[PDB]
Amino acid sequence: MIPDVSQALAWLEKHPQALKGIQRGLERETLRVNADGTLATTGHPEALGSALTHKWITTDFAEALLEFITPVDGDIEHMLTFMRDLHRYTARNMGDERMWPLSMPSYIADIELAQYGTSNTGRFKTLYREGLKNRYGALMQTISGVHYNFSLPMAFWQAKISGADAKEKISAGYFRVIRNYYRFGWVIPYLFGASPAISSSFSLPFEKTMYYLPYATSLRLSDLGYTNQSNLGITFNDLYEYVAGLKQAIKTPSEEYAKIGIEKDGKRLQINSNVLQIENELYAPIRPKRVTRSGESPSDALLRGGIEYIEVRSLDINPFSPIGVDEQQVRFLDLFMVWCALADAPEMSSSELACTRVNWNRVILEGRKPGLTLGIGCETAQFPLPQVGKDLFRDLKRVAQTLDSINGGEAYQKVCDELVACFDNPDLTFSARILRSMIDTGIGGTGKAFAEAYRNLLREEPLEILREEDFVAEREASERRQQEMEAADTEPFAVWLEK
Amino acid sequence: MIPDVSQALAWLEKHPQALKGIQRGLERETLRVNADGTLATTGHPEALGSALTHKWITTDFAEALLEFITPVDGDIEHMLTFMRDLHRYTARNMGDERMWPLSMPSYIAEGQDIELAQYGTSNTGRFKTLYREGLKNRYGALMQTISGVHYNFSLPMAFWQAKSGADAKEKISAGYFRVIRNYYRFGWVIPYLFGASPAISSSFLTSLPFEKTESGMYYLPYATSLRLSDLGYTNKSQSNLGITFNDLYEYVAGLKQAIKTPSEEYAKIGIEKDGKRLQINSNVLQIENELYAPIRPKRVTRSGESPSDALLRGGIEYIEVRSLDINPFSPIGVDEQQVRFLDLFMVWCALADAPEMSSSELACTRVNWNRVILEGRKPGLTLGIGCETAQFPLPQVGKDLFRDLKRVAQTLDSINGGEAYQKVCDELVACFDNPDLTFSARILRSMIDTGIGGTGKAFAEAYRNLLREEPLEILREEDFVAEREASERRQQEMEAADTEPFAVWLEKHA
Amino acid sequence: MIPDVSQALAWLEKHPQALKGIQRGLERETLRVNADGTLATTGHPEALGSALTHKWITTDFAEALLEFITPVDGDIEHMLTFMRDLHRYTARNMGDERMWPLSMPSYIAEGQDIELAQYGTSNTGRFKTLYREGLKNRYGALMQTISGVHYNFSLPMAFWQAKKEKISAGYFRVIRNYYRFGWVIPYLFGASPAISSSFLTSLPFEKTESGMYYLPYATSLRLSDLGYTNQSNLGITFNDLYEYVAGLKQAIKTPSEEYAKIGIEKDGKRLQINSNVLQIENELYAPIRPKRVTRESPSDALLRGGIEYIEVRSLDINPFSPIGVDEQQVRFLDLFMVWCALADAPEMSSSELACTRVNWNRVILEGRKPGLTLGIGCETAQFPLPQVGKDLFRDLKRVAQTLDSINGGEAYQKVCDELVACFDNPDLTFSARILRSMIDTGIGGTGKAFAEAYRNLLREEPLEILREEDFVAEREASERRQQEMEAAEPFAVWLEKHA
Amino acid sequence: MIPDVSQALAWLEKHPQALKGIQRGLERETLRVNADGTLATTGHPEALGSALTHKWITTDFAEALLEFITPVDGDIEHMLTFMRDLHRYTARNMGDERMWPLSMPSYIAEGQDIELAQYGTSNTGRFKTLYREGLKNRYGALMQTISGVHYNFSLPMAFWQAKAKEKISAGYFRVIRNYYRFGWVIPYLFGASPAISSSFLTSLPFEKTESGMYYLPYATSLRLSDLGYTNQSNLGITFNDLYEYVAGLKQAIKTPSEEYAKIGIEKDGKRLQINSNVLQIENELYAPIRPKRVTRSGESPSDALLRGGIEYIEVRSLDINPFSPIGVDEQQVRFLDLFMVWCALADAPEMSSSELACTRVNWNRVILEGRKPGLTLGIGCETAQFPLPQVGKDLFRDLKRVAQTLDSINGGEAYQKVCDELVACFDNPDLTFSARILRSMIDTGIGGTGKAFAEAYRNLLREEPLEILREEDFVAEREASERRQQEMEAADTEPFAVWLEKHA
Ligand SMILES: Nc1ncnc2c1ncn2[C@@H]1O[C@H](COP(=O)(O)OP(=O)(O)NP(=O)(O)O)[C@@H](O)[C@H]1O
Ligand SMILES: [Mg+2]
Ligand SMILES: [Mg+2]
Ligand SMILES: [Mg+2]
Ligand SMILES: [Mg+2]
Ligand SMILES: [Mg+2]
């Protein structure tokens with residue numbers, strides 16, 4: 001089932017320095033909770049300053065949904081330590097509150113939306129969330145995940161580009177990465193899916209107790225999870241075609257969202273009633289990215305510069321790491337992304353893209369089932385999952401050797417040897433491990449225990465990159481940038497909204 | 001420019017009885033106004049009963065906009081007499097109100113004050129009003145007060161028989177779609193002859209070179225029908241929306257698709273606002289009647305059936321011509337000369353070969369319409385084929401068509417007896433050598449002398465005094481009294497039969 | 001979800017004359033009714049002679065249920081004109097009676113004493129009537145008044161020669177594809193979204209004030225559990241001729257716990273032919289049936305000659321045709337049957353067959369629901385129905401080009417353009433159009449209104465293929481054959497050798 | 001609205017090789033500005049040598065208005081790389097100055113004293129600066145600081161030889177007529193001046209931003225509007241016949257102007273214009289597209305046309321592409337190939353002076369409100385009827401057939417891919433250059449937007465290595481161009497007035 005990538009792997013092995021200088025970033029979301037596991041109804045801890053402007057710590061959907069973001073970085077350990085400083089400082093600055101360490105929340109059935117002050121941008125961001133709330137439900141929006149941001153170094157593109165060609169070849173390369181990701185990225189929830197159970201608050205042969213599926217990996221990625229939009233016809237063959245379909249989705253009115261109404265009794269209910277209010281609403285396992293200029297839209301930035309990096313969005317929170325993600329995951333992603341850059345990925349119509357999802361749903365719902373077979377697209381399932389994983393890992397192993405030869409060491413090769421074991425025994429995967437524990441003490445019980453351990457752990461750990469003066473300097477600089485904005489507001493909200 | 005139809009005309013001259021039994025109906029709208037020309041703000045007159053259910057008399061968009069509908073009829077004079085009886089009874093049962101005799105109303109200061117047609121509290125009645133609420137929010141109430149006449153026309157079965165099974169209704173449909181394609185190509189002769197709205201109040205408003213008076217009357221020196229221009233209406237055209245007239249299923253699918261397509265323009269309006277519903281939905285067409293159409297294929301519906309359902313089921317039954325302005329020179333807004341001209345022209349449209357046309361070929365036929373609409377009376381105006389450079393002097397094009405219409409008139413006259421259709425040809429062909437004979441030249445002189453306002457007020461008074469004194473000829477007073485009672489009763493029965501509140505009922509109909 | 005069929009389509013475009021000479025037949029059933037909609041209790045109209053032996057007109061289950069059958073034909077227009085002649089002649093030879101124009105009846109009470117079809121005193125006749133007595137006693141007579149159209153179809157020899165056990169295997173392939181994808185038929189042409197209460201479940205039925213039940217997005221309740229349906233317990237499969245015939249012969253001798261409780265007799269009156277799951281082979285309910293013209297039981301004919309043609313049985317009555325079917329349906333079935341012969345169909349166990357039913361039931365019960373998704377077999381629903389239909393029609397359109405090139409014109413391509421619009425807009429389907437009419441006037445009002453207008457239309461049309469002499473000649477010939485049969489052992493004794 | 005070109009296209013599909021050997025050239029103008037966005041007041045950068053004589057790099061109206069010009073070329077990639085070398089070299093040889101990336105300048109006051117392009121002391125150099133003085137006094141300097149891109153285009157002789165010089169001329173006049181009719185598709189897709197500095201100011205429904213920027217919500221190219229680089233229609237110039245064209249043009253040059261006679265010829269001995277006729281010289285006639293033949297020594301544009309006929313056409317309608325560091329990209333060049341071939345194929349009836357003026361009605365709609373939902377277009381001056389999207393899709397049906405023919409002789413599917421990309425702009429005007437740059441200007445202003453683009457493009461182009469021309473080619477051309485100017489300056493030339501009378 002895995003394509004023949006031998007040609008490209010030989011190329012890579014002749015060009016080991018093509019891979020030097022991979023850039024990465026991480027985003028991790030966590031709900032602030034009280035000791036009994038209920039959702040904290042207090043505001044964004046004052047020590048964090050302005051969620052709207054803060055360089056490293058913000059909120060996602062809810063006022064109580066923290067999100068930490070690491071500055072782009074060439075060093076895995078540096079990035080992971082940075083993320084941990086963010087967690088350490090926050091753990092010691094939120095009273096008795098602790099951070100929920102699971103993807104799926106459990107003590108939620110009326111949740112406060114993220115608050116960003118009174119500026120226009122800050123009211124538009126909250127309004128968007130009101131929109132999502134009304135369209136999808138507040139509950140689904142408290143599900144947590146980790147995003148992994150990744151770019152190959154220029155050396156990679158050079159080793160295969162001058163002037164206008166460069167931005168085009170890099171975009172073609174990332175769209176290829178994206179097509180291969182749709183085809184083979186179910187390997188991620190297989191290994192690291194960590195939500196085989198959901199609370200009642202959220203058709204499928206569920207076992208009841210808390211609801212679970214015996215072989216499930218990542219329900220966060222199922223229909224009951226963070227999802228929504230298959231009618232949009234978005235494809236990943238070509239930069240212009242991609243943006244055209246996405247820009248088109250932005251201008252597509254939805255009847256169902258028109259039925260919600262743009263406003264009801266003085267309270268504005270959503271930005272508009274198109275399929276996507278803004279481009280961020282397009283749910284995706286993986287996303288093409290390019291840092292936007294001030295106020296610039298995601299697709300404008302892409303049209304102007306091409307794809308800059310990619311955002312992998314499929315990771316559940318790692319319940320076994322106090323920061324929700326670990327080095328073993330990051331390194332596997334490097335390997336798998338590089339592999340996705342190397343393998344031939346024919347173009348895919350949107351019905352072919354829907355066919356790639358068949359393997360994902362098998363993995364999401366019953367990935368650990370003994371005897372599970374997978375197919376090529378919609379074709380008859382005939383490839384036993386363990387052999388597919390092992391074929392993939394043969395390739396990843398060659399990538400690991402190259403990465404290790406330039407960095408020094410065997411860190412990547414070790415990762416491969418650890419994770420390929422999960423195909424021989426699914427009981428090694430995050431979801432087998434976490435289900436055992438949720439069946440033992442429930443989602444609530446399990447999450448509270450981890451939350452408590454991780455809080456006591458992170459509260460005692462000295463900072464390593466950031467000093468307490470860096471957080472205080474940024475609390476000041478961030479809260480200031482927000483006032484700088486709130487004053488500078490020419491027109492009033494209702495008018496700025498129109499334009 | 002006029003195609004060669006000698007082969008079909010020779011066919012017709014050999015089968016004169018193929019035309020025996022043309023069926024017709026008329027609808028005519030008029031605003032109820034006070035002596036001053038302003039819209040009456042009283043309810044639908046009591047003597048007229050329920051606008052919702054009445055057989056002959058209803059309301060269109062506004063509560064002050066009357067509409068009169070004759071039952072399908074094979075006799076022109078009988079149908080026009082019936083129409084006049086409706087006007088006569090109404091004229092004497094509307095208090096001090098009278099009927100506005102022009103397509104174009106005089107100055108209106110606040111379109112948003114115009115009361116929409118009220119149909120009582122039944123769910124069906126509230127849906128009809130909500131439809132109008134939607135039209136108002138989408139296009140504004142003002143343009144909806146512009147009025148016209150619809151001419152409904154069907155050829156007899158004997159026409160098609162002189163030209164089996166499942167094929168019969170398909171051949172009839174293809175014949176009517178042929179009529180429609182020819183109407184698009186050549187229908188501009190209608191506003192040329194009978195357009196009667198060369199002026200518009202500024203309160204209803206371009207780079208058009210309008211002449212202006214101090215009361216706000218805007219006019220174009222050679223215009224025929226501003227009602228049919230982009231200033232005279234508000235909706236998207238079938239033409240503009242992508243709908244074609246080559247094949248029935250194709251036509252029905254485009255229409256049904258427009259009903260199902262959401263609109264960002266209309267979502268911006270919102271569906272509700274302060275607990276007041278503003279539209280039925282936010283799709284391109286709330287319902288099928290919302291489609292702007294100068295000519296419409298029809299089949300009478302059965303209960304539950306949408307207009308396009310009935311077309312799909314039984315094919316095209318008849319066509320509705322919608323391009324006629326109100327005739328300001330008739331108390332009933334329409335006369336025999338017009339009806340007879342349309343008989344000749346529709347029959348000609350059924351005889352002339354009409355190649356299929358794509359959306360853009362259809363859009364091209366409108367080039368000549370726009371020339372006629374805005375300056376049809378300009379000395380030296382030339383027309384062209386579709387979008388090609390204009391090279392055909394209008395007078396000669398009209399003379400050529402009338403040569404054919406004259407042969408159709410000879411046939412219709414030989415079967416009906418007399419010379420009535422032939423006289424109409426001779427009367428009307430003269431308008432091509434003298435545009436000062438057309439309706440629009442006549443009504444422009446009038447409006448220069450006394451404005452839209454003074455012209456309508458003076459005709460409205462004169463016509464009121466004719467109509468309120470003339471004896472009923474077909475319907476008698478007791479027929480109006482009975483239809484009033486029966487219509488009120490049908491409305492009471494619909495109100496009592498509802499079982500679901502409107503909000504709930506609406507969800508299964510929106 | 002629609003398999004890739006490009007090799008077979010390329011093969012076909014290279015061999016266009018492979019499709020020249022498709023053969024077809026139509027069967028249409030219709031209840032004889034009075035102007036008030038009630039079931040006529042007169043006998044089989046006299047002008048039609050013997051229902052038992054007549055060549056073109058007969059009865060189905062009920063003496064009042066007419067059935068029209070066209071002789072196998074290679075021309076579509078000819079076949080539909082012939083069927084129409086039969087309707088014409090019948091319309092003007094049944095007093096004030098007319099033909100009910102819908103699949104579902106309205107003015108029939110449950111347990112109503114419906115006269116079973118009567119075939120005279122011959123052993124054969126008494127056996128046909130006894131079969132129906134069995135059906136009546138097993139399933140009730142109400143269900144048996146639901147009517148339908150069957151479409152009979154065979155590819156020419158030219159088809160197989162361009163590619164006898166090859167022909168059987170080809171038709172079994174057709175059958176397997178039909179089970180997988182044939183829900184496309186009730187979607188487009190289902191015309192029974194409402195049911196009278198007589199036929200009454202956990203289905204979310206709506207009910208009108210006048211007492212009619214319906215499902216808002218239903219296509220064909222004739223094909224639902226409440227309709228003309230089941231028996232899957234028999235484990236018949238469609239992989240091999242002998243396997244099929246064996247399962248069927250076995251079914252006829254499998255005893256029924258349930259039907260034994262009915263008994264073979266009460267009070268000197270025989271109640272059923274036997275107490276097995278199937279009294280005869282024709283009792284096996286099926287959306288589609290392998291056929292060979294018999295001399296001989298249906299399975300004997302298949303063993304002797306192999307599959308000669310297939311009978312599509314899923315068509316509801318077309319309420320918009322005076323004859324219950326139109327050219328659009330006929331051409332679509334050509335296209336789709338040819339497509340079924342071209343797409344690869346793996347073999348299927350009886351549980352893989354049971355799984356094909358999931359999409360059928362979805363389409364039957366809510367096929368018009370916005371956002372309906374289908375799945376492969378029993379797996380997660382993930383393919384939006386419009387996208388699947390358009391996927392299929394890309395292939396059908398290529399088959400249509402081929403049929404049009406060898407036939408002249410564009411009639412098949414026109415039908416694709418028309419029917420593909422129903423995937424964009426389900427309100428264009430038969431069931432949407434007929435539901436608007438039924439919600440307003442009822443099954444009863446809608447059927448009466450249509451029946452009245454078709455009666456007037458058909459009475460006025462002249463015959464075109466058949467002459468009155470032919471109906472007269474056939475009445476006489478058929479009555480002769482019946483009495484010649486009655487002349488040619490008493491019944492209870494003959495039955496001991498055939499039950 | 002789009003004419004039927006079925007027959008011409010069927011002809012082309014059976015003669016694909018009639019198109020092989022298309023020649024092209026680009027000109028792109030850009031203001032030198034400081035990092036704060038103000039107009040540089042330094043002279044033409046030294047490393048560039050003599051603007052008067054340089055082969056590739058020159059000035060337009062102002063001393064700070066750089067202009068880059070590619071030598072005629074058959075290969076698109078090669079022409080764009082050449083253009084890019086010119087920008088690379090220049091960006092690293094102008095101190096801390098950078099290139100303004102937009103058509104409309106900001107931070108330039110109306111009645112700002114803008115230095116005219118300086119060409120030295122020769123007759124030719126003095127003549128060129130004088131013509132610019134004429135322009136400044138006739139139309140004002142400010143408008144002349146608007147920049148654009150010109151696309152120069154010729155079909156191979158191979159194309160005329162499949163369907164002598166008189167027939168090539170007639171063929172380019174047909175291209176010009178169709179270009180007047182349908183060329184508004186260019187500002188629609190690629191216009192990029194929807195906003196305008198206050199400096200340039202009407203009955204137009206302008207929005208003002210708090211920042212203070214004027215814009216029309218649906219505009220595409222205000223550069224092409226009456227407030228931009230525009231107007232002269234009453235000269236009665238027509239494009240039906242070569243000799244009729246030059247006759248009209250030659251007549252306009254001799255037509256006195258009483259408005260310009262009021263400026264005077266001299267004031268305090270200083271000449272203020274070349275003459276007071278409606279056109280000082282042929283190049284003063286504004287036009288969206290121009291017939292060209294390369295001129296010999298002492299030949300006017302029209303002299304060259306009378307001698308050898310039309311050689312190629314110049315499309316003048318392109319705004320600067322704000323999203324390309326060189327102000328133009330391959331997608332635009334390929335579209336114009338397709339479009340210019342289509343203009344050569346489609347029949348174009350002859351048009352009178354006033355029919356040509358009537359073609360401006362559609363241009364002005366597109367210019368002022370081309371991205372307006374539901375915009376309709378008309379034929380000539382007649383009522384708008386045709387939805388803009390439907391018109392673009394019909395055009396692109398034919399362009400796709402041209403594209404297929406060009407791709408088949410070039411290999412690949414690059415032309416077809418462009419058709420697909422741009423037809424999408426008819427379904428969504430938010431894809432167009434003007435929708436995109438307006439978003440950016442509403443958030444950050446013209447100045448803010450231009451500065452950020454100019455800064456990014458400076459850092460980008462200063463790091464890219466030269467590909468076709470090396471530093472040494474620029475040094476050699478610098479020195480050669482300086483030498484050519486010195487030689488013209490040292491020549492024993494005629495008295496200036498006598499020399500004027502004998503020009504053109
Ligand atoms: N036969 C041809 N076909 C296509 N392009 C040509 C041809 N001959 C010259 N060119 C191009 O035309 C352009 C000439 O530009 P330039 O020397 O600036 O003259 P110009 O356009 O007459 N001056 P301006 O007044 O600024 O328009 C170059 O880009 C040449 O590549
Ligand atoms: Mg992220
Ligand atoms: Mg009407
Ligand atoms: Mg006169
Ligand atoms: Mg049958
Ligand atoms: Mg130039």
Side-chain angles (χ1 to χ4, degrees), chain B residues 309 312-313, chain C residues 26-31 33 60-61 65-68 80 83 87 99-106 108 142-153 178 182-196 198-199 212-229 285-289 311-333 336 359-368 419 422 426-439 442-444 446-447 450-451 454:
Chain B
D309 281 354
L312 254 202
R313 205 217 334 121
Chain C
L26 281 163
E27 309 166 50
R28 185 270 160 104
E29 307 159 340
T30 179
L31 292 173
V33 291
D60 189 80
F61 162 93
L65 185 49
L66 290 156
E67 176 171 315
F68 303 107
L80 292 168
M83 175 65 88
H87 274 78
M99 306 171 221
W100 191 247
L102 304 175
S103 282
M104 309 295 304
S106 185
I108 289 169
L142 181 65
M143 177 209 72
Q144 289 284 160
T145 60
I146 297 171
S147 67
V149 167
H150 296 163
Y151 173 65
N152 301 292
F153 170 93
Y178 183 99
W183 50 258
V184 71
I185 290 157
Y187 177 79
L188 290 175
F189 303 129
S192 50
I195 199 159
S196 73
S198 283
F199 288 74
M212 186 191 69
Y213 290 88
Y214 68 92
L215 293 168
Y217 302 114
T219 55
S220 184
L221 298 179
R222 161 168 162 285
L223 298 181
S224 76
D225 283 6
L226 304 165
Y228 195 86
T229 51
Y285 287 126
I288 181 164
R289 215 173 240 186
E311 188 193 45
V312 170
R313 302 167 48 81
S314 290
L315 273 183
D316 278 1
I317 300 296
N318 179 351
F320 308 112
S321 189
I323 69 168
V325 59
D326 64 26
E327 177 176 328
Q328 195 194 48
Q329 298 170 288
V330 178
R331 303 188 173 269
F332 168 74
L333 287 173
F336 180 59
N359 284 347
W360 280 85
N361 287 329
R362 275 169 190 146
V363 168
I364 288 176
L365 297 172
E366 30 163 32
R368 293 175 294 104
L419 297 177
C422 298
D427 272 312
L428 201 49
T429 61
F430 282 14
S431 54
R433 296 159 55 187
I434 207 66
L435 182 60
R436 284 187 282 279
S437 166
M438 288 162 174
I439 281 178
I443 305 178
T446 299
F450 268 113
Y454 295 150

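All heavy atoms count here, side chains included; hydrogens, waters and symmetry mates do not. Numbered from 1 within each chain, the chains take letters A, B, ... in sequence-line order.
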Measure the acute angle between the ring planes of C:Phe320 and C:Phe450, then classify it against the limits of 30° and 60° as parallel, tilted or perpendicular. perpendicular

In terms of ring plane angle, is the pair C:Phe189 and C:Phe332 parallel, tilted or perpendicular, where the classes change at 30° and 60°? perpendicular

When rounded to the nearest 0.5 angstrom, what is the spacing between [atom1] in [X] and [atom2] in [Y]?
{"X": "C:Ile323", "Y": "C:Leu80", "atom1": "CD1", "atom2": "CG", "answer": "5.0 Å"}
{"X": "C:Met212", "Y": "C:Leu435", "atom1": "CE", "atom2": "CG", "answer": "6.0 Å"}
{"X": "C:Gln329", "Y": "C:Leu188", "atom1": "CD", "atom2": "CG", "answer": "9.5 Å"}
{"X": "C:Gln328", "Y": "C:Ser321", "atom1": "CD", "atom2": "OG", "answer": "11.0 Å"}
{"X": "C:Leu365", "Y": "C:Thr219", "atom1": "CG", "atom2": "OG1", "answer": "7.5 Å"}
{"X": "C:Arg313", "Y": "C:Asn152", "atom1": "CZ", "atom2": "CG", "answer": "10.0 Å"}

Side-chain donor or acceptor of [X] paired with backbone N/O of [Y] under 3.5 Å:
{"X": "C:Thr446", "Y": "C:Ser437", "answer": "yes"}
{"X": "C:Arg222", "Y": "C:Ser147", "answer": "yes"}
{"X": "C:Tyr178", "Y": "C:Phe336", "answer": "no"}
{"X": "C:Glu67", "Y": "C:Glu29", "answer": "no"}
{"X": "C:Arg362", "Y": "C:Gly367", "answer": "no"}
{"X": "C:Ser220", "Y": "C:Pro186", "answer": "no"}
{"X": "C:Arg289", "Y": "C:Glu311", "answer": "no"}
{"X": "C:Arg436", "Y": "C:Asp427", "answer": "yes"}
{"X": "C:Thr229", "Y": "C:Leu223", "answer": "no"}
{"X": "C:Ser192", "Y": "C:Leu221", "answer": "yes"}

Can you tell which of C:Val330, C:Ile288, C:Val325 makes a side chain to side chain contact (heavy atoms under 4.5 Å, CB included) with C:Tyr151? C:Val330

Compare all side-chain heavy atoms of [X] with those of [Y] and state whether any distance is below 4.5 angstrom.
{"X": "C:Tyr213", "Y": "C:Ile195", "value": "yes"}
{"X": "C:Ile108", "Y": "C:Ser198", "value": "no"}
{"X": "C:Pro193", "Y": "C:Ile434", "value": "yes"}
{"X": "C:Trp183", "Y": "C:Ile364", "value": "no"}
{"X": "C:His87", "Y": "C:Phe68", "value": "yes"}
{"X": "C:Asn318", "Y": "C:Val149", "value": "no"}
{"X": "C:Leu215", "Y": "C:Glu366", "value": "no"}
{"X": "C:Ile146", "Y": "C:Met104", "value": "yes"}

Stepwise, does the side chain to side chain contact (heavy atoms under 4.5 Å, CB included) test hold for C:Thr30 with C:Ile317? CA-CA 9 Å; C:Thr30 179; C:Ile317 300 296; over 6 Å; no

Using every non-hydrogen atom in the two residues, find where [X] and [Y] come nearest and quote the distance to one decimal.
{"X": "C:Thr429", "Y": "C:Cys422", "value": "CG2-CB, 3.8 Å"}
{"X": "C:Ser106", "Y": "C:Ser196", "value": "O-OG, 4.0 Å"}
{"X": "C:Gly227", "Y": "C:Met143", "value": "O-CG, 3.1 Å"}
{"X": "C:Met438", "Y": "C:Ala194", "value": "SD-CB, 4.1 Å"}
{"X": "C:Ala191", "Y": "C:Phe430", "value": "CB-CB, 4.2 Å"}

Donor-acceptor pair between C:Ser103 and C:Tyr228 side chains, under 3.5 angstrom: no

Using the rule given for side chain to side chain contact (heavy atoms under 4.5 Å, CB included), can you reason through C:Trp100 versus C:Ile443, listing the C-alpha separation, both sets of side-chain angles and the distance that settles it, and then say yes or no? CA-CA 11 Å; C:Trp100 191 247; C:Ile443 305 178; 4.1 Å; yes

List the steps and the verdict of side chain to side chain contact (heavy atoms under 4.5 Å, CB included) for C:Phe199 and C:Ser224. CA-CA 11 Å; C:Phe199 288 74; C:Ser224 76; over 6 Å; no

